[PDB]
Every structure is written in structure tokens, then in C-alpha cells.
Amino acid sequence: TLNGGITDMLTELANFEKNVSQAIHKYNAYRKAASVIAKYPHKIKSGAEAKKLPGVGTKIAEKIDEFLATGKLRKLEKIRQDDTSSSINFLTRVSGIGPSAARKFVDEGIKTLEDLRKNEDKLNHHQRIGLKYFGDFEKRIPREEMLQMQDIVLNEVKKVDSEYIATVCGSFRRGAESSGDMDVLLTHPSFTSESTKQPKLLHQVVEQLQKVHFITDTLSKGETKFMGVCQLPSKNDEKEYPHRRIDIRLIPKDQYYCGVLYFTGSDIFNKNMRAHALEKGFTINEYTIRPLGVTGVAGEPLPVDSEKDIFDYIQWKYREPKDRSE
């Protein structure tokens, strides 16, 4: 990729700040800078050139000058060599181990994959599943497998109730040739912002997918959000497909557009769009767009009849899902 050296440097810094320093605003600053540089259509020749971009300040310009002159960054060189950093950066790759749990495990002398497998009794349900499928969850999902997965989920949901609509969102809906996981937005007319006329609406879909051995494990489950594990069926004598992460979010049917905007992302696109909405005097979540009073108190939800209406309120030209990726 153009400027791939710089954007990789910035992503490594972002992850260090998140996982090791526990500094969420530096994590987000580095990612916002990586994303703006990834879209810049020239090979960056200096830090001064990069610093012209919004989200690139003095300190990133200085690291770009070091990286362009030497091909490395001394700060990352040191982070790679530091045992506590290295240990924490590894443990946080396990689903369910965040920065706080990683540091606590390193304190207890639990620092390698072999230490985790010796200590399953010290992991919660989520972490145990994270560890079981550590390699599988590393692997990306080809679009060809995502289409197979779509066909199973859409067909099994129709078997439960023809009135469900299931939409595959995330990087898949942005047209990606591969996905990190599957994200399914679910609506049913019985669940609106005015009423739940039927219990178990998410549960009955989870149950059906478990029944046909598509959903294999559960990391977390409530009334509106499932987070778990799924797997494609394989043929006679064939190697099994890797286990995959799946998220299902049940959104009130009348708030589909806000919900599909949220679930389509990217996450960096959502942060950028929601920060732009605040500048314009609105707040966006997965349900509504609301004005802000001078007070900073959100007013009543605004009428939304398309994704594009949300862009119109905040005076952005529409971006098709494919133009919302980094």
C-alpha cells in the first residue's frame, strides 16, 4: 500500500497506547492519523507534508521524519524489546483479555500461550473461548465464505419467522474482499422503539442457528446483542472451516437506518461522523439523530427515512458503504 510503512508504524503506536499505556485518546489520535494518511493519494516525502493533513500534528510529523530517514522508529524498537510490553501486547490478542486483564496475568507470571493453557481455571468463560480458538480468530474470512455464511443465517432466520429481516453489515456491507468477522443486524416488526410485543426475539434466532450447528459457542448474550462463535459445515473428507466470530444486534424496526449506519462502520468512520455531528449540533447513536440544546441536552429524535437523511442533517455529501472503509 502507498504510505504502508507510515500507517503500520502509526497502528503499532496506537495499539501500544491502548494495550500497554491504557491511553485511549492517544490510541484514537494515532488511528485517526493512520486513516487520514492511508487515504492520501501521494507517497509522503516528509513529516511537514503529512502535517498538512487533519489529525497529523507536530509529534506524528517528527515520527514520520525519523521513519522516512531510518526506516524504523527508536520508540517502537524499544517497545518490541521490553518484556512487559511484549507480554501484554500478546495477551490482548486473546478475545476477552483486555489491557487490564493482560497486565494482571503478567503480574501472576501468566505471559505466553503455554501459560494460558496451563491456567484455564483462572480464565472467565469469554477468555476460555478466546484461547480455544486463538488461531482461528487470527484468520480472515474470504468474501466467498462470508456469502455462504450469509445464505445460512438468512435462510435459518426465514425458517423461524418470515417477518425477520437479517442484514450482514460491517466490512462485508462495505464490499471488503475479506472480513475479520460476521456482523448481522436483525429486525422484526414486533420490536420497535414504541414496544416489544414478543419476548425471545433474538433468543429464538440464536437457538435456530445453534440447532443447525452454525453457532457453536456463546461469549455474551442479552435481549438485543449476541456475541459468539460460528462455523461453516464442511463436506465428506474435507478439513473443517475455521471457527469465526459472529455478532448479532436486534435493532428496533423503525430505527433501521440509524442502526445500519452504525453497524456498517467503519469504526473510524463512525467516530469521525459522530464528532462531525457534535460540531453541527447533533448527536448520533445506533437508534436516533437528535439536536443538542445550548445546554448540551439532546432534544427529540429527528425523522429519518434513509441512511442519506442522516448525512443531510450534518451537511455531509452521502458516502456509499464502500467509501466508509480505511
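The term rigid core refers to the most C-alpha atoms you can superpose between the two forms while keeping them within 1.5 Å. Numbers follow the displayed sequence, beginning with 1.
- Farther from the shown form on average, by C-alpha root mean square after a core fit in 8 other deposited structures of this protein, is 49-57, of the stretches 49-57 and 253-261.
- Larger average C-alpha displacement in 8 other deposited structures of this protein, relative to the shown form after a rigid core fit, is seen for 75-83 when comparing 75-83 with 109-117.
- Coverage remark for residue 148: present in the model in all other entries compared whose chains are built on both sides, leaving no third without it.
- Looking at the other PDB entries for this protein, residue 158 is present in the model in all of those that include the residues around it, rather than absent from a third.
- When the mean C-alpha temperature factors of 63-71 and 294-302 are read from the deposited coordinates, 294-302 comes out higher.
- In this crystal structure, the stretch out of 170-178 and 195-203 whose C-alpha atoms carry the higher mean B factor is 195-203.
- Listed residues 95, 81, 218, 255 were ranked by CA B-factor as deposited; 81 comes out on top.
- Residues shown: 128, 225, 143, 122. Highest C-alpha temperature factor in the entry: 122.
- Sorting the modelled residues of the chain by their CA temperature factor places residue 246 in the lowest third.
- Annotation for residue 88: C-alpha temperature factor in the middle third relative to the rest of the modelled chain, per the entry.
- Looking at the C-alpha B-factors along this chain, the one for residue 99 belongs to the lowest third.
- Per the PDB record, residue ranking by Cα B-factor puts residue 26 in the middle third of the chain.
- Per the deposited record, the Cα B-factor of residue 110 falls in the highest third when ranked against the other modelled residues of its chain.
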